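What follows is the residue order along each chain.
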Amino acid sequence: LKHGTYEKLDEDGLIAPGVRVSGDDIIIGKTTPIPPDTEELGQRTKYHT
Amino acid sequence: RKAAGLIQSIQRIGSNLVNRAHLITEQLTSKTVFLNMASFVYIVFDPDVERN
Amino acid sequence: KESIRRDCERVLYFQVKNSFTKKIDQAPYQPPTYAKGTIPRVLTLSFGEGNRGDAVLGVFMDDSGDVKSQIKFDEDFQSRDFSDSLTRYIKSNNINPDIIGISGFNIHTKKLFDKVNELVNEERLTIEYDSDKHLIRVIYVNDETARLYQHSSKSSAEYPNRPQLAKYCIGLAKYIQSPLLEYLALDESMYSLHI
Amino acid sequence: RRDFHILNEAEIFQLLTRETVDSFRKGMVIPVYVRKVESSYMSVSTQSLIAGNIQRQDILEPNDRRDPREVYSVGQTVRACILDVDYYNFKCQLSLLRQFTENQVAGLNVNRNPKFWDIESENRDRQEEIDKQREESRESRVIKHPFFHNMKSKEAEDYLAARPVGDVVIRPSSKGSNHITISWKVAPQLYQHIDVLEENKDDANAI
Amino acid sequence: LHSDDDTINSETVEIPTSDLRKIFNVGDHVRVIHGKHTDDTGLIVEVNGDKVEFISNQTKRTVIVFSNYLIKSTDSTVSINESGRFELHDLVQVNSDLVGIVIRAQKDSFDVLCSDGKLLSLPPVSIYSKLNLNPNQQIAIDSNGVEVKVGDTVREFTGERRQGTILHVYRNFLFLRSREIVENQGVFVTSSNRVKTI
Amino acid sequence: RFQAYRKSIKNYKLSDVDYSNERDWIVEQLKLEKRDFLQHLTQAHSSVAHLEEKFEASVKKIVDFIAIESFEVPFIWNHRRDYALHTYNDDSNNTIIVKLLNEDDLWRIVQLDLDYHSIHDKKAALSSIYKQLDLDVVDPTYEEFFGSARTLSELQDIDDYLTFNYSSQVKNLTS
Amino acid sequence: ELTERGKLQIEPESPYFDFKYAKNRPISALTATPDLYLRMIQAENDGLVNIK
Amino acid sequence: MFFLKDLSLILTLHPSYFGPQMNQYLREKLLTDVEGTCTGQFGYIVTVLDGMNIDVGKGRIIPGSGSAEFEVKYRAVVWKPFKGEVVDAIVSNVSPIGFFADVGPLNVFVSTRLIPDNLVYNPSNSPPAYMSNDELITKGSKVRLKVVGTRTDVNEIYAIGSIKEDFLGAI
Amino acid sequence: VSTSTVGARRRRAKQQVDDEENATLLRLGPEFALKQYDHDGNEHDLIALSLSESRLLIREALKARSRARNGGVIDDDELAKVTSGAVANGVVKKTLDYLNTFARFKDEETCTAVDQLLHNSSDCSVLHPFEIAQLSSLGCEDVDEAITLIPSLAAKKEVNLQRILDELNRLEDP
RNA sequence: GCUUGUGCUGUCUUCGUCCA
């Protein structure tokens, strides 16, 4: 993740009009999939994909 | 070393030891070694298999 | 000086021999209403270090020594979901444990032990021989041999597709089923134990 | 074979903590990581994650009256002395008082029988170790002044001998870096040494 | 070529590699090319023709390897990276109630300095586990009552009055790294009560 | 395991006199090591006479088994336990079994069997050296402290005595 | 008795502190506690102490 | 073998020591950093001759760091073993793999494969020894051995000896 | 750590056989060559030292340093303790013990006579200083023994080895 | 009982800014 904030995003990953934004703040949230590591050794809800 | 030789000999003869005496009659072990080891190795006996 | 050294070395030798004899002289756990020396059916549980991320892994070993139905629980062990999953797992018709063993790396294992014991006591999970009924026993397992087993290349070759914690659970179950053979499997590593 | 061994309280504690019940008992002193500070109780976590607890009568000294919050802060680590261990619940009680944390040094039951222990040699060695802990470092003082000269008392008198009456020389004092002795020629082969006490010194070498 | 005649010793002859056999003299540093004892160095002791015997440097024991697997390397310079499960200077749990710090690392063995000072040589498999202690646990307190963290330089006052920089912390013991103690590459164990912070 | 123990022994087959000396030496060594057990046996079983003689006979029989018949400790402990214990009937016709030896004592007997051969080799070498000395008249001190010698330290002392007092013959054979 | 190395390095933490200033300990009682005498010997091998 | 060599050392001094006692402090620092050290190139430095009258010269101020660098030249006694050299030794330890001897600060290890067969190791002996019919070598016994190989470490030297040739063994 | 007075020695292509250390072949390497240079760059010969000369020099230097450090006001242990550094103390103690237990000449005048005999002799004018140090150190008794222990002396058959050894034994205190 | 995450492309092209 980046050093900026993510609390200004909505459920769909997009910020809404009328919100104040400062430098580095995240305005578009996007993720790409990654083949999971050996974290299937057991990480109930905290294994990165 | 004797254990591995014994295991290999049993696997040669057929991987099954019918009787304790076969450790001598089949030349698998010597006299004193068998005399030591005879009562500490056992063969499970099933009466349903051996009616005689 | 040499004579006293030799005598004291003899005495210490016999003390260490007696201590090791006390260590390895253990029969397999005897299930109730069964003759002593019968191999029990074992279920072992461990989340590992007990951290937030760590999930609980279970391994079921029957009396024939075959590992059956390794499972992974994907919920917080302090929740109701984990209790429901464990209740469904134990009460499954294909799994019939005689004892439940628990071990871990730190004091968080006490919470898991208390949770499993409370669940077994409350739900009255009894031993299924499929009359008198007895609850399954929950104990702490000494993991002297499991921690060396999980890193051994023999275990890795035996179970290539399994993680280290699964091998730890298999080591705990094997230790419950036969302590002597588990000590023997260490080979040169058994001289480094705390005797 | 004997029956399957079932672990007791001590074996469970040793298994889960790797601290035996011998190396973790009453009277020992350990460093603990403070986690909660309240008006009447304090909660700390030891190195092996055993949750400790300290009460109001064991946080502050008897002569102290300040509130516990002002004295300690979360995240700080301090020394504490064990007062009780609960080997089943993995909980312990501690005290931060000076009487418990520092005085209890001889934690081992060494058989100091006079017929079986060399008491006098131990006392002599310990006295010599204290006499070596009393060692200190010291160095000369440097002062910049036109009439200042790094000379002894007799050296200052000899220096003033070649000069007429009324000339002034300044030398370091033997009473310490905070003192300065000023020597002036009262008469031929007659000199007066006056000690001057320095106050509000910026540095040892400073004036 | 080398011979008793000086005029022959000043000549260079180009010879195919298919008709050359290496000459191994007693008392030469040689590094193993390939085999079970790969990257083992030491000094040649016995030359039984095809088979060469040499005292190792790492295991410090005699090893018998064929002469085809030897290269004359005067220095070992063995890198232990990508091996075992233990970095150098790791605080490793030896067994249930024993701990130590890895001093030197080898291809199939380790040197561990115990908290009490005793040195051990063990295979990697025999080590119980590796202690990954949290940063908050990795904090100790000196004799004065001043906190000392990893990387803080401290100097003793009791005993030999040595000085070092903190490398690891276990209970009351401090593992210190020092420049002048070459005996164990600077690693010496002292209790936190014996030191004063600088 | 016996082959591994006896791999370092140059010659294991002792003569009859040397074998009897070995049995006596092992009996004396066990008597020295097990003094407290023998004292407990004598005190708590005062009604039975000559129990220590039975202990000596049992130790000699165990040495006989280990040396001649080459039985290992588990076989002796399981199938030859009657030679390791003594039974008697008290005045009230009470059957009482006394356990003279245990498994650890059998292992100690094995260890003493292994240990004595170094003493035997040292004694043989010392006797050979004395033979090459070829004294006209036997030295009473040498035989006196050679017959009773039972540790290699005393054999070393006799060796020092011989190489000192008869240094000229040693030089002639050969500082 | 302590050498200079023993005079310095024998700290309370050390296992050799138990017998740092021992005296009048009979030989007959040493076999009851083999660890003590073995620790004395190991300390001697380090050059810290001398057993007299 | 002992030798006399002209050695040099580079000494760096922090500006906090720029006082009148700079020369003497540099002398004691040089003594602590040279006496007893072991360098593979030279061997073992045992003592420095004329240790209180060594010229240190003028130190050069390092640009960007303030500290002065001094070039100190001195003559010292140095000992270094050579391959194929016969020297005396004293046995320090006895082991089944061989015996360990001490030649001053240097410890020399001789394996059994470089020991004659008649000197059979006797572990039952008190103290344990490698003994023959006419020879007995134990802890503290004078031995004459020939150095065959030398192993150089970072700040240590390991030597390997042999006693299989003539005029060697017990002395 | 310490650097020798000999420098340069840059890269080349030729390789020589007189590069490996070997006592028998009298190949002592560049840093221990027969020709050395002092701090002034003048010619200097390699200075070997026998155990007697080395013991005298170390005792003289150590007692001079001890006298200097004490304000100008014999025991080996105290003299070793004069030096600084625990590892240095151990090293000097080991050297003192080794020198003491193998001291062929504990007297200054005997060592001076030995050095004069081994230097001013016409036969020894060709002898290497390492050979001189080995002869004065090992205390050999026979020509054959000296040749076997010191292979370099085999090629120098123009040396009156036997009488020099007998003189050394005579000078040696029994 | 609960603890905060630690970074960035390359290569061209075009249009511009201040001098010259």
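Scoring rules and cut-offs
- Residues numbered from 1 in each chain as written, not as in the entry; some residues may be left out.
- Chains lettered and ligands numbered in written order.
- Part of a larger assembly, values for the part shown.
- Heavy atoms only, no water.
- Patch = residues over 30% accessible without salt bridge, like charges linked within 9 Å, V, L, I, M, F, W, Y side chains within 5 Å.
- Areas by Shrake-Rupley, 256 points an atom, 1.4 Å probe, with all protein chains shown as cover.
- Salt bridge = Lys/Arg side-chain N within 4 Å of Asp/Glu carboxyl O.
- Helix = DSSP H or I, 4+ residues; strand = E, 2+ residues; numbered from the N terminus.
- Buried < 20%, exposed > 50% of the residue type's maximum accessible area, 1.4 Å probe, protein only.
- 1 Å grid on protein atoms, 1.4 Å probe; cavity = no way out; pocket = protein on both sides within 12 Å on 5 of 7 lines; lining within 4 Å.
- Points joined across faces, edges and corners; volume = space filled by probe spheres on them.
- Nonpolar A, V, L, I, M, F, W, Y, C, P; charged D, E, K, R; others polar.
- Expected span 1.5 Å × (residues − 1).
- Arc of directions from axis to C-beta.
- Contact = heavy atoms within 4.5 Å.
- Buried area = accessible area lost by both parts, 1.4 Å probe.
- Polar contact = N/O pair within 3.5 Å; in protein donor to acceptor, adjacent residues only side chain to side chain.
- Pairing = 2+ DSSP bridges.
- Axes fitted to C-alpha atoms, helices over the stretch in contact; angles between N-to-C directions.
- Parallel < 35°, antiparallel > 145°, perpendicular 65-115°, else oblique.
- Left-handed = near helix turned anticlockwise from the far one by under 90°.
- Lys, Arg positive; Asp, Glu negative; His and termini not counted.
- Charge placed at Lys NZ, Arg CZ, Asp CG, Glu CD.

Its PDB header attributes the entry to cryo-EM and lists the resolution as 3.59 Å.

Colleague: Tell me about a nonpolar patch on the surface, and name the residues and values.
Modeller: Residues and elements named next belong to chain D. A surface patch of nonpolar side chains, about 630 Å² in accessible area, is lined by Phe147, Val165, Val168, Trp184, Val186, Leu190, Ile194 and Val196. At the level of secondary structure, the elements contributing two or more residues to the nonpolar patch comprise β7 (179-187) and β8 (190-197). At 3 residues, the largest contribution of residues to the nonpolar patch is made by β8. Relative to the assigned elements, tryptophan 184 resides in strand β7. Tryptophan 184 sits in the partly exposed class, given a relative accessible area of 30%.

Colleague: Before we move on, could you go through the pattern of salt bridges and cite the residues and values that matter?
Modeller: Tallied over the full model, the rule gives 62 salt bridges over all chains. The shortest N-O distance in the salt bridge between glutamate 33 of chain F and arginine 108 of chain F comes to 2.5 Å. Separated by 75 residues along the polypeptide, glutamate 33 of chain F in helix α2 (residues 16-33) and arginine 108 of chain F in helix α6 (residues 103-133) bring together distant segments of the chain. What makes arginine 108 of chain F buried here is its relative accessible area of 10%. Among the ionic pairs, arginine 144 of chain H bridges to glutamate 145 of chain I, the shortest N-O distance being 3.7 Å.

Colleague: Give me the lowdown on empty space enclosed by the protein, citing residues and values where you can.
Modeller: Picture a little ball the size of a water molecule; that probe, rolled over the atoms, points out where space is still empty. Of the volumes computed, that of the largest cavity is approximately 110 Å³. Taken together, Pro31, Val32, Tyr33, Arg35, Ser45, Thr46, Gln47, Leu49 and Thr77 of chain D together with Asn136, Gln137 and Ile139 of chain E form the lining of the largest cavity. With 4 residues, the single largest contributor to the lining of the largest cavity is strand β1 (residues 29-37) of chain D. Broken down by class, the residue content of the lining of the largest cavity amounts to 5 nonpolar, 6 polar and 1 charged. Taken as a whole, the second largest cavity spans an internal volume of roughly 80 Å³. Considering the residues around the second largest cavity, the lining is formed by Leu4, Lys5, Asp6 and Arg75 of chain H together with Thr5, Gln36, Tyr37, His44, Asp45, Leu46 and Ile47 of chain I.

Colleague: Talk me through helix α5 (residues 119-133) of chain D; I want residue IDs and the actual numbers.
Modeller: Between the first and last C-alpha of α5 of chain D there are 21 Å, a value that for 15 residues agrees with the 21 Å anticipated at 1.5 Å per step. Of the positions making up α5 of chain D, those classed as buried are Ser121, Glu122 and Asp125 of chain D. Relative to the axis of α5 of chain D, the buried residues are bounded by an arc of 100 degrees and lie together on one face. What points out from α5 of chain D, more than 90 degrees from its buried face, is the exposed set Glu120 and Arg124 of chain D. Each element contacted by the buried residues of α5 of chain D is listed here: α1 (4-9) of chain G.

Colleague: So what's going on with the interface of chain H and chain I? Residues and values would help.
Modeller: Each partner contributes residues to the interface: chain H has 44 residues there, and chain I has 46 residues. Summing the contributions of chain H and of chain I, the shared interface buries around 4,500 Å²; its carbon and sulfur component is 67%. Inspection of the chain H/chain I interface yields 3 salt bridges. With its nearest N and O atoms 3.2 Å apart, the salt bridge here joins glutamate 35 of chain H to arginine 65 of chain I. Counting every contact that joins chain H to chain I gives 14 residue pairs in polar contact. Elements supplying a minimum of two residues to the side of chain H that touches chain I: β1 (2-13), α1 (22-34), β3 (43-48), β5 (68-79), β6 (85-95), β7 (98-103) and β12 (142-152) of chain H.

Colleague: Break down the sheet that holds strand β17 (residues 195-197) of chain E for me, with residues and values.
Modeller: Residue and element names in this part refer to chain E. One open sheet holds the 5 strands; their spatial order is β16-β15-β14-β13-β17, and the pairing between them is antiparallel. Looking at the sheet topology across the chains shown, the edges are occupied by β16 (187-191) and β17. Taking each pair of neighbouring strands and ignoring which way they run, the sheet shows an average axis angle of 50 degrees. Summarising the sheet, strand β13 (residues 153-156) and strand β14 (residues 163-170) pair through 3 bridges and their orientation is antiparallel. Bridging across to β14, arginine 155 finds its partner in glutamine 163.

Colleague: Could you give me a rundown of unusual backbone geometry, with the residues and numbers involved?
Modeller: Between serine 126 of chain H and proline 127 of chain H the backbone carries a cis peptide bond, its omega angle lying at 0 degrees. Mapped onto the secondary structure, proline 127 of chain H falls in the loop between β9 (120-122) and β10 (129-131).

Colleague: Quick rundown of the packing of helix α7 (residues 140-147) of chain F against helix α8 (residues 152-165) of chain F? Include the residues and the values.
Modeller: Residues and elements named next belong to chain F. Interaxial distance between α7 and α8 falls to 10 Å at its minimum, and their mutual angle equals 165 degrees. In terms of orientation, α7 and α8 fall into the roughly antiparallel class. Note on packing geometry: the crossing formed by α7 with α8 is left-handed. Judged by residue contacts, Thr141, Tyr142 and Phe145 of α7 engage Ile158, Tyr161 and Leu162 from α8.

Colleague: Before we move on, can you summarise a negative patch on the surface with the specific residues and values?
Modeller: Residue and element names in this part refer to chain C. Together, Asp81, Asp84, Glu118, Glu122 and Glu123 make up a negatively charged patch on the protein surface. Elements with a contribution of two residues or more to the negative patch: α2 (80-90) and α3 (109-123). Tallying contributions element by element places α3 first for the negative patch, with 3 residues. With respect to the helices and strands, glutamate 123 occurs in helix α3.

Colleague: Describe the packing of helix α4 (residues 51-69) of chain F against α6 of chain F, and please don't skip the residues or the numbers.
Modeller: Residues and elements named next belong to chain F. Running from amino to carboxyl end, α4 crosses α6 at an angle of 65 degrees, the nearest separation of the two axes being 10 Å. Handedness of the α4/α6 crossing: right-handed. Contacts between α4 and α6 pair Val59, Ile62, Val63, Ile66 and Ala67 from the former with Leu106, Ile109, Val110 and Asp113 from the latter. Class assignment of the residues belonging to the contact of α4 with α6 gives a composition of 8 nonpolar, no polar and 1 charged.

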